[PDB]
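Report on the structure given below.
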Amino acid sequence: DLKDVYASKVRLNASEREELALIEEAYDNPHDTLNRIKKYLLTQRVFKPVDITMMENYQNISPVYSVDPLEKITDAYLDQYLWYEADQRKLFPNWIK
Amino acid sequence: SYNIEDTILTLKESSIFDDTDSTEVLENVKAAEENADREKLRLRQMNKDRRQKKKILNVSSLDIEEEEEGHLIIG
Amino acid sequence: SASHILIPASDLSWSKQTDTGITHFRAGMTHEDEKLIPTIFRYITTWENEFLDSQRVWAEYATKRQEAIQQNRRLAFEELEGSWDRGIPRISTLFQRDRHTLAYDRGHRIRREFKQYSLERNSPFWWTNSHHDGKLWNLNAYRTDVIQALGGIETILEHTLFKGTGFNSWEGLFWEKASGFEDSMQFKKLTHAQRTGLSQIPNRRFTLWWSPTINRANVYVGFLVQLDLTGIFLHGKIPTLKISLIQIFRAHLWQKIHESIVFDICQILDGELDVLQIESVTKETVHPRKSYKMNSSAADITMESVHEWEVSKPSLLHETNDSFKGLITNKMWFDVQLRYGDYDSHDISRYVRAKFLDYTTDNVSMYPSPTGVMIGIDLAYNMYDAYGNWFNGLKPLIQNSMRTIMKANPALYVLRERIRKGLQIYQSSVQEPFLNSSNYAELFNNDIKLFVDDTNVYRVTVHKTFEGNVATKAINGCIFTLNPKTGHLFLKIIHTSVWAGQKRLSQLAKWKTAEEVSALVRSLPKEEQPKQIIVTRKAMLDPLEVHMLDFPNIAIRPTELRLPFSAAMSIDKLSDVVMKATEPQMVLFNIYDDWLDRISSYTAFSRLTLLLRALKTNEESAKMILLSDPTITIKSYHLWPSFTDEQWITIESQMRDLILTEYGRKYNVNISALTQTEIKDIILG
Amino acid sequence: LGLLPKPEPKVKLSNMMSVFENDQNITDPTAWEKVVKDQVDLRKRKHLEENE
Amino acid sequence: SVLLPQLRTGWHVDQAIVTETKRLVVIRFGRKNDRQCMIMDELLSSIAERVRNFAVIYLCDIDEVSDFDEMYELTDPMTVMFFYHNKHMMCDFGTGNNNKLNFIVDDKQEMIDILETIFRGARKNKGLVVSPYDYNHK
Amino acid sequence: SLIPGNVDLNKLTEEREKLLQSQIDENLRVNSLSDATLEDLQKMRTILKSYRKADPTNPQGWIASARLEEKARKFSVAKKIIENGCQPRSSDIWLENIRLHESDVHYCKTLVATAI
Amino acid sequence: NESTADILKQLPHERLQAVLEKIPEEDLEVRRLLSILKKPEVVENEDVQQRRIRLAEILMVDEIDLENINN
Amino acid sequence: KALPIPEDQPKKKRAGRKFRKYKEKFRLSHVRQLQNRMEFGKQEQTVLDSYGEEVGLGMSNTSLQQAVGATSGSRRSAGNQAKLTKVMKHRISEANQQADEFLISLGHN
RNA sequence: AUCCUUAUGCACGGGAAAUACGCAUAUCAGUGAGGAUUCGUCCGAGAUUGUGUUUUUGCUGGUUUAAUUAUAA
């Protein structure tokens with residue numbers, strides 16, 4: 001899910017190819033990257049600034065956030081996990097939808 | 001079964017579907033490349049002569065068309 | 001399109017050219033429910049209809065599940081092939097190969113809505129992944145229904161230039177996406193302005209491709225102008241089409257066409273003086289600017305009578321019945337006039353007889369005799385007509401003339417390129433770049449690679465005798481493959497017995513080969529399976545592919561280099577194994593013997609290419625050059641006589657010398673005229 | 001300014017196939033192998049030499 | 001404005017137009033009390049240094065020196081004209097008057113693509129430069 | 001690698017889990033690609049036709065025009081085409097046609113029977 | 001035969017290269033002249049020759065007069 | 001800073017071996033061309049983006065591989081495979097080891 | 001006399017990168033540049049500022065026929 005912004009793109013800009021690098025490495029040497037995650041969870045409390053630019057509906061301006069590709073990884077892993085467990089334990093009842 | 005000629009003969013190159021049902025030929029390997037390289041050579045020396053000596057060709061319809069123009073055995 | 005807008009009936013008319021004659025088409029005379037661009041509204045299923053199908057479909061699912069279960073069987077793919085595409089989770093989902101890892105995905109739909117925040121691109125479909133749900137619509141059918149509802153392809157292309165490029169049929173061609181060209185120009189270094197300039201071209205190819213129907217009376221009205229030196233009018237500036245048309249006509253091309261044609265005609269009748277008894281024929285002088293001057297005209301080609309000529313009522317090239325008793329006169333002319341047409345008028349004939357009847361009965365048009373033929377041409381569509389006075393032996397000639405000509409003139413053919421650049425349409429051959437002498441050095445790169453030969457697979461060889469003639473036999477053939485690195489060959493010999501019970505051995509041969517390659521790769525562990533498998537004969541592209549399908553990694557090239565790997569069979573040891581073969585089999589060799597241990601694969605391959613390239617030429621007279629030292633041993637291991645390195649220096653000097661000598665003899669270009677390049681090309685091709 | 005000799009491509013085995021220096025890339029396969037190989041050992045020597 | 005130097009004389013004018021060798025010459029003809037002749041003065045004010053390599057900018061009020069009015073046909077408050085080696089540079093804007101210029105360009109980047117594009121054209125000697133942008137509706 | 005069609009997940013996972021668990025122990029037809037166009041399908045039918053009319057016998061040829069064709073469509077086409085060329089020594093034609101046309105114990109065991 | 005040999009000598013490396021030429025070659029004499037010029041007598045790892053060079057550089061950079069004018 | 005000068009320059013063409021491997025990055029692949037070629041008269045293959053929007057891959061599969069949906073292995077260039085920037089690289093590796101010693105402190109305890 | 005080590009220099013072979021590297025009379029900077037955390041501490045050398053190149057440096061690669069002049073009159 002960090003891959004598929006790109007799967008169209010012909011021309012990776014700079015910041016991209018940086019990401020797509022990471023996505024491939026962690027996608028290659030997982031056991032290491034997992035270890036990196038678990039540490040980040042257990043300790044890291046400081047983070048690199050995060051950058052807004054605003055989308056447009058031409059009606060509702062919405063905000064849009066962008067995070068360091070590293071951090072985005074530990075996130076998307078964690079998030080993936082929480083949803084996996086939370087539905088394994090039937091936290092969310094019916095009417096949340 | 002159709003031939004073109006201690007000499008061995010091999011099957012000439014032909015496309016599967018373009019050939020389909022058509023008469024198949026037997027040519028000599030040395031003779032094919034022989035003739036082809038004679039013709040192509042004759043084209044090269046005429047290229048160098050034309051471009052070097054700066055002469056304009058007569059050619060046109062019948063000549064170029066004739067350039068487009070360019071024995072059964074039982075075993 | 002979602003809207004009601006229909007097809008003006010005038011736009012369904014089209015044309016075609018038969019050798020026999022022009023045939024025309026209009027489907028608009030027959031009035032029916034008139035023709036509407038089919039609009040999305042019909043191609044979508046109301047949500048209800050679906051959901052209902054979700055209930056039922058899922059039902060028959062779960063049931064039939066309990067059926068195969070009631071057999072302790074799992075649902076055969078067969079049943080549900082009854083209906084895939086129906087139901088909200090759909091079906092092909094259940095059959096997705098990866099489902100085991102999707103069950104571990106949960107809460108996608110909450111994400112996919114949130115993707116709004118994380119990043120920019122609008123995600124107009126945010127209510128489904130296609131992995132989970134499948135695919136919720138098919139606009140396939142729409143394509144067809146628009147085409148057909150526009151009257152089928154041809155009736156479209158009549159709206160294009162496409163006849164201009166004069167491919168007979170379109171069935172072999174590929175387009176060129178502009179996005180590719182554009183991007184391929186973006187990796188360079190470009191000013192923001194330079195950058196905008198890459199917006200255009202993907203238009204400019206468009207408005208050409210449509211220029212006939214974009215450019216016409218019914219559309220821009222307005223007042224005509226002409227392009228500078230040529231015969232085309234622009235109902236409006238159309239700033240693109242102007243420029244691109246110019247770049248279609250430069251070097252005053254229009255003229256050069258005209259002249260080229262006329263010139264070819266006099267080169268025809270010139271040969272025909274005899275047949276018709278024409279006392280002579282002259283290309284006239286021409287006001288140099290005539291070819292494109294429209295209002296007025298002059299004659300071109302002059303024609304004479306041994307006695308006289310019986311004219312006819314002026315008629316059309318494809319008409320048959322003639323009145324020669326109409327008149328008798330002497331001497332004739334021809335005009336060649338070009339018009340570059342529209343979809344409005346793409347029909348020349350009427351253009352001819354308009355210009356014939358006009359100029360003939362015109363005052364200012366100067367035709368020495370009021371007897372002579374009009375030959376016009378549509379550049380745009382490649383159409384041609386002549387509405388002339390007539391003799392015996394004209395139409396039967398002239399028709400054959402033009403036919404040959406449209407296939408011929410360098411000029412016309414230098415439209416049909418110079419345009420089909422502008423449009424960037426290409427004929428499809430193969431994209432894969434061949435080995436050339438430039439490409440050559442790459443062979444020695446680190447890809448595992450093979451060469452493959454079909455030449456000697458089927459051999460019926462001939463010799464001369466005392467009595468009947470031509471001793472000729474079917475022979476066990478060789479399928480000659482090698483890897484230039486390790487020099488391992490593979491020979492699949494095909495024994496005569498297999499050949500006997502079949503006919504039309506050409507194709508079947510190649511197929512035998514293609515299999516021998518597929519399986520032959522399958523004799524290799526993928527560690528040793530190769531990448532570029534280099535074909536010799538072009539026709540082996542297709543049959544390998546079909547049998548190499550399961551090996552996608554493996555790229556297949558033909559080359560332009562004629563590679564003398566058949567002359568190898570000249571070798572004793574080879575023809576030993578092959579001629580002695582009682583059954584089709586596989587036989588390994590190292591053609592390098594060991595030249596490796598001595599010297600690197602590169603050279604080892606080079607000198608090999610020498611031995612072979614000569615063994616197609618001096619053959620035995622070269623074999624002496626191999627055998628000129630008896631002192632030297634040829635093992636059962638090896639093939640080539642062993643030597644010192646120096647000895648090879650001497651040999652390869654000789655062998656080198658031959659191919660030159662005999663070459664520059666057969667082709668009678670002295671050896672001394674040849675560039676190092678040129679020599680080695682001769683060594684290669 | 002011309003005082004010194006213009007350089008010339010060093011040519012290794014790997015590089016040998018590529019070089020379009022005019023000299024018998026194919027025609028003399030082995031005599032061309034020669035000049036290359038002895039080229040390398042020329043240098044390599046000059047190294048050992050200089051050290052000494 | 002302060003960046004933009006100005007002309008006080010037809011003499012200044014034709015000397016300038018002659019005396020800039022290697023780069024484009026840009027001149028606004030407009031009257032200080034015009035609206036646009038302020039705006040456009042700003043737009044060009046922001047591009048001065050950034051283009052200074054291949055072109056140069058000067059302001060001229062018709063009211064100062066009205067000489068050229070007759071010969072270059074000056075109507076409108078503000079008409080920019082471009083001269084490179086003394087030749088009148090002609091870049092068709094699709095606006096319908098290929099010579100000179102009239103209206104207001106609202107983008108820096110645009111304006112630069114113009115000054116540039118024309119320039120590059122004038123270095124080849126082509127009399128016609130074809131604008132990147134057809135603003136015709138103006 | 002980003003040409004989007006080539007991707008399926010499950011192969012990916014098996015290949016990756018082996019890579020991970022192996023590392024640690026040392027430390028101790030996808031939907032995405034759209035369906036076959038008509039006249040291409042027609043083309044494979046044509047080339048397979050030429051390769052069939054290569055050898056009328058030699059069933060691997062017909063087998064190809066069985067399997068390859070059957071991979072895009074099958075339906076009644078494939079079945080009639082396998083029943084045709086079977087007109088029988090090689091148990092292979094029967095192994096394929098059995099697995100294919102059978103669909104019911106009765107006719108399953110008619111392709112069993114005549115085979116026996 | 002002028003501007004050539006001029007640039008040729010005017011090139012900094014050559015221009016130094018003559019200035020090397022004249023100076024004696026010993027540890028003792030040069031090293032002296034170093035410490036006289038006040039520079040550090042030895043730089044961490046250097047064989048003699050490099051020390052001589054090291055002078056020459058110091059002479060050029062500063063634009064000193066010659067070693068006799070040193071002394 | 002002043003925009004330099006619009007004028008184009010005669011291309012320096014220096015293609016080594018080294019320099020080439022440094023090119024293969026920025027120049028379209030082969031495959032990336034076999035996208036672009038749109039087979040005339042016949043609808044593309046397309047796939048569905050992340051967004052389901054269709055990315056045409058036109059010829060990237062020889063028409064024999066469309067009928068079977070064989071996708072492609074063909075050639076995969078390792079030349080342009082994306083790789084980290086210098087800085088980022090050491091932040092990655094660095095953080096990895098650091099987390100690994102933290103771990104091993106959960107290894108022995 | 002032999003070896004290892006260390007650093008540096010000249011080299012030879014081989015790989016890697018050319019979003020990298022510079023440069024600067026800049027400015028500071030073990031007399032702390034900068035960072036971290038388990039909050040007890042720990043780590044300890046460049047950062048800033050401006051500036052230039054950066055699909056590149058030098059070189060080298062292939063396609064859009066001279067003059068002279070001779071007859072018996």
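Residue numbering restarts at 1 for every chain of the structure tokens, chains are lettered A, B, ... in their displayed order, and ligands are numbered from 1 as they appear.
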If we count only C-alpha atoms (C1' of nucleotides), what is near residue 85 (chain H) at a cut-off of 10 Å, once residues fewer than 4 positions away on the same chain are taken out, given as JSON, numbers by chain?
{"A": [14, 15, 17, 18, 21], "H": [89, 90], "I": [19, 20]}
Generate a file of the selected residues that holds N, CA, C and O atoms (P, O5', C5', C4', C3', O3' and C1' of nucleotides), formatted as a PDB file, in the first residue's frame.
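result_5.pdb was written with the following content:
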ATOM      1  N   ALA A  14      12.331  12.699  -7.521  1.00  0.00           N
ATOM      2  CA  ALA A  14      13.387  12.351  -6.587  1.00  0.00           C
ATOM      3  C   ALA A  14      12.840  11.715  -5.329  1.00  0.00           C
ATOM      4  O   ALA A  14      13.146  10.558  -5.042  1.00  0.00           O
ATOM      5  N   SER A  15      12.039  12.448  -4.568  1.00  0.00           N
ATOM      6  CA  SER A  15      11.489  11.925  -3.325  1.00  0.00           C
ATOM      7  C   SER A  15      10.856  10.562  -3.517  1.00  0.00           C
ATOM      8  O   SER A  15      11.036   9.661  -2.687  1.00  0.00           O
ATOM      9  N   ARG A  17      11.645   8.066  -5.794  1.00  0.00           N
ATOM     10  CA  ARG A  17      12.547   6.933  -5.893  1.00  0.00           C
ATOM     11  C   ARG A  17      13.207   6.653  -4.557  1.00  0.00           C
ATOM     12  O   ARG A  17      13.567   5.513  -4.263  1.00  0.00           O
ATOM     13  N   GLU A  18      13.336   7.665  -3.709  1.00  0.00           N
ATOM     14  CA  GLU A  18      13.743   7.375  -2.347  1.00  0.00           C
ATOM     15  C   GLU A  18      12.765   6.430  -1.678  1.00  0.00           C
ATOM     16  O   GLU A  18      13.150   5.337  -1.234  1.00  0.00           O
ATOM     17  N   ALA A  21      12.682   2.989  -3.166  1.00  0.00           N
ATOM     18  CA  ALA A  21      13.802   2.265  -2.612  1.00  0.00           C
ATOM     19  C   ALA A  21      13.404   1.598  -1.314  1.00  0.00           C
ATOM     20  O   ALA A  21      13.325   0.366  -1.257  1.00  0.00           O
TER      21      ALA A  21
ATOM     22  N   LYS H  89      20.653   6.531   3.240  1.00  0.00           N
ATOM     23  CA  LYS H  89      21.222   5.207   3.427  1.00  0.00           C
ATOM     24  C   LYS H  89      21.777   5.030   4.826  1.00  0.00           C
ATOM     25  O   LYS H  89      21.480   4.029   5.492  1.00  0.00           O
ATOM     26  N   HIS H  90      22.572   5.973   5.313  1.00  0.00           N
ATOM     27  CA  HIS H  90      23.165   5.647   6.591  1.00  0.00           C
ATOM     28  C   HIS H  90      22.158   5.820   7.702  1.00  0.00           C
ATOM     29  O   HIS H  90      22.279   5.163   8.736  1.00  0.00           O
TER      30      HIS H  90
ATOM     31  P     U I  19      24.624  13.118  -9.074  1.00  0.00           P
ATOM     32  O5'   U I  19      23.776  11.978  -8.376  1.00  0.00           O
ATOM     33  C5'   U I  19      22.514  12.234  -7.795  1.00  0.00           C
ATOM     34  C4'   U I  19      22.622  12.796  -6.404  1.00  0.00           C
ATOM     35  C3'   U I  19      21.691  12.155  -5.389  1.00  0.00           C
ATOM     36  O3'   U I  19      22.209  10.986  -4.774  1.00  0.00           O
ATOM     37  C1'   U I  19      21.247  14.444  -5.476  1.00  0.00           C
ATOM     38  P     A I  20      23.201  11.019  -3.517  1.00  0.00           P
ATOM     39  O5'   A I  20      24.418  11.885  -4.038  1.00  0.00           O
ATOM     40  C5'   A I  20      25.583  12.048  -3.245  1.00  0.00           C
ATOM     41  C4'   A I  20      26.789  12.354  -4.097  1.00  0.00           C
ATOM     42  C3'   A I  20      27.858  13.210  -3.446  1.00  0.00           C
ATOM     43  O3'   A I  20      28.754  12.503  -2.616  1.00  0.00           O
ATOM     44  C1'   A I  20      27.318  14.148  -5.501  1.00  0.00           C
TER      45        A I  20
END
Set the distance at 10 Å and use only C-alpha atoms (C1' of nucleotides): which residues neighbour residue 14 (chain D) once local chain neighbours fewer than 5 positions away are removed? I'd like the list as a list in words.
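The residues satisfying every condition are residues 444, 445, 600 and 602 of chain C; 19 of chain D.
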Selection from above, N, CA and C atoms, as a PDB file, in the first residue's frame, can you write it?
ATOM      1  N   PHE C 444      29.424 -11.016 -26.054  1.00  0.00           N
ATOM      2  CA  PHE C 444      30.343 -11.533 -25.067  1.00  0.00           C
ATOM      3  C   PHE C 444      30.001 -11.040 -23.682  1.00  0.00           C
ATOM      4  N   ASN C 445      28.858 -10.382 -23.545  1.00  0.00           N
ATOM      5  CA  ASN C 445      28.393  -9.980 -22.240  1.00  0.00           C
ATOM      6  C   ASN C 445      28.001 -11.219 -21.455  1.00  0.00           C
ATOM      7  N   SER C 600      40.894 -16.481 -24.311  1.00  0.00           N
ATOM      8  CA  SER C 600      39.550 -16.150 -23.852  1.00  0.00           C
ATOM      9  C   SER C 600      38.473 -16.481 -24.873  1.00  0.00           C
ATOM     10  N   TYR C 602      36.251 -14.779 -26.269  1.00  0.00           N
ATOM     11  CA  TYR C 602      36.074 -13.868 -27.388  1.00  0.00           C
ATOM     12  C   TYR C 602      36.847 -14.336 -28.604  1.00  0.00           C
TER      13      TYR C 602
ATOM     14  N   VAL D  19      36.847  -2.313 -28.047  1.00  0.00           N
ATOM     15  CA  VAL D  19      37.622  -1.191 -28.537  1.00  0.00           C
ATOM     16  C   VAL D  19      37.551  -1.117 -30.047  1.00  0.00           C
TER      17      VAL D  19
END
Do you know which residues are at most 8 Å from residue 12 (chain D) counting only C-alpha atoms (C1' of nucleotides), after dropping those on the same chain fewer than 6 positions away, and could you put them as a PyMOL selection string?
chain D and resi 36-37+40
Prev. selection, N, CA and C atoms, output as an mmCIF file, in the first residue's frame:
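Done, and the output landed in again-v1.cif:
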data_model
loop_
_atom_site.group_PDB
_atom_site.id
_atom_site.type_symbol
_atom_site.label_atom_id
_atom_site.label_comp_id
_atom_site.auth_asym_id
_atom_site.auth_seq_id
_atom_site.Cartn_x
_atom_site.Cartn_y
_atom_site.Cartn_z
ATOM 1 N N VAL D 36 47.349 -6.944 -27.074
ATOM 2 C CA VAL D 36 46.656 -6.685 -25.821
ATOM 3 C C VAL D 36 47.411 -7.309 -24.661
ATOM 4 N N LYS D 37 47.572 -8.625 -24.705
ATOM 5 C CA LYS D 37 48.141 -9.328 -23.570
ATOM 6 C C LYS D 37 49.501 -8.760 -23.205
ATOM 7 N N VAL D 40 49.164 -5.361 -21.394
ATOM 8 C CA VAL D 40 48.981 -5.517 -19.959
ATOM 9 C C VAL D 40 50.297 -5.854 -19.285
#
Need the shell around residue 11 (chain D): protein/DNA/RNA residues with any atom at most 12 Å away, counting only C-alpha atoms (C1' of nucleotides). Skip same-chain ones fewer than 2 positions apart. Format as a short mmCIF file (atom, residue, chain, number, x, y, z; two decimals) with C-alpha atoms, in the first residue's frame?
data_model
loop_
_atom_site.label_atom_id
_atom_site.label_comp_id
_atom_site.auth_asym_id
_atom_site.auth_seq_id
_atom_site.Cartn_x
_atom_site.Cartn_y
_atom_site.Cartn_z
CA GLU D 8 45.94 5.99 -25.99
CA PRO D 9 43.25 3.68 -24.68
CA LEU D 13 40.58 -8.48 -21.79
CA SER D 14 37.05 -7.45 -20.81
CA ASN D 15 37.54 -4.25 -22.74
CA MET D 16 39.17 -5.87 -25.75
CA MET D 17 35.92 -6.81 -27.44
CA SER D 18 34.72 -3.22 -27.32
CA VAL D 19 37.62 -1.19 -28.54
CA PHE D 20 37.16 0.36 -31.96
CA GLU D 21 40.81 1.18 -32.23
CA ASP D 23 43.64 -2.55 -35.12
CA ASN D 25 39.65 -6.39 -33.70
CA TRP D 32 45.26 -8.91 -31.73
CA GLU D 33 45.04 -11.01 -28.59
CA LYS D 34 48.81 -10.64 -28.61
CA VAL D 35 49.26 -6.87 -28.57
CA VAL D 36 46.66 -6.69 -25.82
CA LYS D 37 48.14 -9.33 -23.57
CA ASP D 38 51.65 -7.99 -23.95
CA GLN D 39 50.25 -4.52 -23.38
CA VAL D 40 48.98 -5.52 -19.96
CA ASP D 41 52.19 -7.26 -19.05
CA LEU D 42 54.08 -4.20 -20.25
CA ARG D 43 52.32 -2.08 -17.64
#
Would you work out the distance separating CA of residue 53 (chain B) from CA of residue 669 (chain C), expressed in Å to one decimal?
18.1 Å
Enumerate, in order of chain and increasing residue number, the residues of chain F with an atom no farther than 6 Å from chain C, each with its shortest atom pair and distance in Å to one decimal, counting only C-alpha atoms, as CSV.
residue,atom,partner,partner_atom,distance
F:9,CA,C:98,CA,5.1
F:10,CA,C:98,CA,4.4
F:54,CA,C:508,CA,5.4
In chain H, what's alpha helix (DSSP H) per DSSP? Answer as a ChimeraX atom specification?
/H:18-24,31-36,63-67,86-108
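Near chain C, counting only C-alpha atoms at 8 Å, the chain E residues are residues 113, 117 and 132 of chain E.
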Residues within 12 Å of residue 16 (chain H), only C-alpha atoms (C1' of nucleotides), excluding chain neighbours under 2 positions, as a list in words
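Result of the neighbour search: residues 9, 15, 18 and 19 of chain D; 13, 14, 18, 19, 20, 21, 22 and 23 of chain H; 59, 60 and 61 of chain I.
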Could you tell me how far CA of residue 339 (chain C) sits from CA of residue 378 (chain C), in Å to one decimal place?
5.3 Å
At most 9 Å to chain A: residues in chain F, only C-alpha atoms, as an mmCIF file with N, CA and C atoms, in the first residue's frame:
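In the end it all went to result_16.cif:
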data_model
loop_
_atom_site.group_PDB
_atom_site.id
_atom_site.type_symbol
_atom_site.label_atom_id
_atom_site.label_comp_id
_atom_site.auth_asym_id
_atom_site.auth_seq_id
_atom_site.Cartn_x
_atom_site.Cartn_y
_atom_site.Cartn_z
ATOM 1 N N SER F 1 9.768 -3.033 -12.755
ATOM 2 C CA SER F 1 8.914 -3.930 -12.009
ATOM 3 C C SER F 1 7.511 -3.377 -11.866
ATOM 4 N N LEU F 2 7.319 -2.085 -12.105
ATOM 5 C CA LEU F 2 6.035 -1.478 -11.811
ATOM 6 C C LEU F 2 5.018 -1.691 -12.910
ATOM 7 N N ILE F 3 5.350 -2.439 -13.952
ATOM 8 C CA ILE F 3 4.284 -2.710 -14.917
ATOM 9 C C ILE F 3 3.196 -3.496 -14.212
ATOM 10 N N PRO F 4 2.002 -2.947 -14.076
ATOM 11 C CA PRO F 4 1.154 -3.325 -12.943
ATOM 12 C C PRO F 4 0.617 -4.736 -13.009
ATOM 13 N N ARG F 16 8.504 -14.839 0.428
ATOM 14 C CA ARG F 16 9.074 -13.951 1.433
ATOM 15 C C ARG F 16 9.198 -14.609 2.800
ATOM 16 N N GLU F 17 8.214 -15.407 3.189
ATOM 17 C CA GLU F 17 8.249 -16.054 4.490
ATOM 18 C C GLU F 17 9.452 -16.972 4.559
ATOM 19 N N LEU F 19 12.197 -16.448 3.021
ATOM 20 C CA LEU F 19 13.352 -15.577 3.151
ATOM 21 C C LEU F 19 13.511 -15.113 4.592
ATOM 22 N N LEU F 20 12.404 -14.783 5.249
ATOM 23 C CA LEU F 20 12.487 -14.298 6.620
ATOM 24 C C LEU F 20 12.846 -15.416 7.579
ATOM 25 N N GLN F 21 11.965 -16.405 7.710
ATOM 26 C CA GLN F 21 12.192 -17.459 8.687
ATOM 27 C C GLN F 21 13.535 -18.134 8.444
ATOM 28 N N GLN F 23 16.182 -16.569 7.210
ATOM 29 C CA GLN F 23 17.154 -15.630 7.766
ATOM 30 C C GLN F 23 17.290 -15.797 9.273
ATOM 31 N N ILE F 24 16.170 -15.759 9.992
ATOM 32 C CA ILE F 24 16.236 -15.800 11.449
ATOM 33 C C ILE F 24 16.857 -17.109 11.906
#
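For the atom pair formed by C1' of residue 50 (chain I) and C1' of residue 21 (chain I), the distance is 16.6 Å, given to one decimal.
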Tell me, as a list in words, which residues lie within 10 Å of residue 64 (chain F), counting only C-alpha atoms (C1' of nucleotides); anything in the same chain fewer than 2 positions away does not count.
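Residues near the query, excluding close chain neighbours: residues 546 and 547 of chain C; 48, 51, 52, 59, 60, 61, 62, 66, 67, 68, 69 and 70 of chain F.
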Given only C-alpha atoms as the basis, pick out the residue of A:24, A:71, A:85, A:16 nearest to residue 46 (chain A).
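Ranked by minimum distance to residue 46 (chain A), first place goes to A:71.
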Residues of chain C within 12 Å of chain D, counting only C-alpha atoms, as a VMD selection string:
chain C and resid 437 to 446 595 598 to 611 613 644 to 660 675 to 684
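All chain B residues having an atom within 8 Å of chain F, based on only C-alpha atoms, amount to residues 16, 17 and 20 of chain B.
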Convert the current residue selection to file output with C-alpha atoms, as an mmCIF file, in the first residue's frame.
data_model
loop_
_atom_site.group_PDB
_atom_site.id
_atom_site.type_symbol
_atom_site.label_atom_id
_atom_site.label_comp_id
_atom_site.auth_asym_id
_atom_site.auth_seq_id
_atom_site.Cartn_x
_atom_site.Cartn_y
_atom_site.Cartn_z
ATOM 1 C CA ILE B 16 4.404 -20.688 -41.412
ATOM 2 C CA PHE B 17 1.097 -18.835 -41.895
ATOM 3 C CA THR B 20 0.187 -21.837 -45.625
#
Close residues, residue 80 (chain A) itself excluded, 8 Å, only C-alpha atoms (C1' of nucleotides), min 3 positions apart in chain, as number ranges by chain
A: 76-77, 83-84; C: 105-106
Take the residues just selected and output them with C-alpha atoms as a JSON list (two decimals), in the first residue's frame.
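Just written: part_8.json:
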[["chain", "number", "residue", "atom", "x", "y", "z"],
["A", 76, "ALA", "CA", 1.29, 1.36, 7.79],
["A", 77, "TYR", "CA", 2.53, -1.76, 9.46],
["A", 83, "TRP", "CA", -7.19, -3.43, 12.13],
["A", 84, "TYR", "CA", -6.27, -7.07, 11.92],
["C", 105, "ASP", "CA", -6.39, -7.52, 5.23],
["C", 106, "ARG", "CA", -9.20, -5.87, 7.10]]
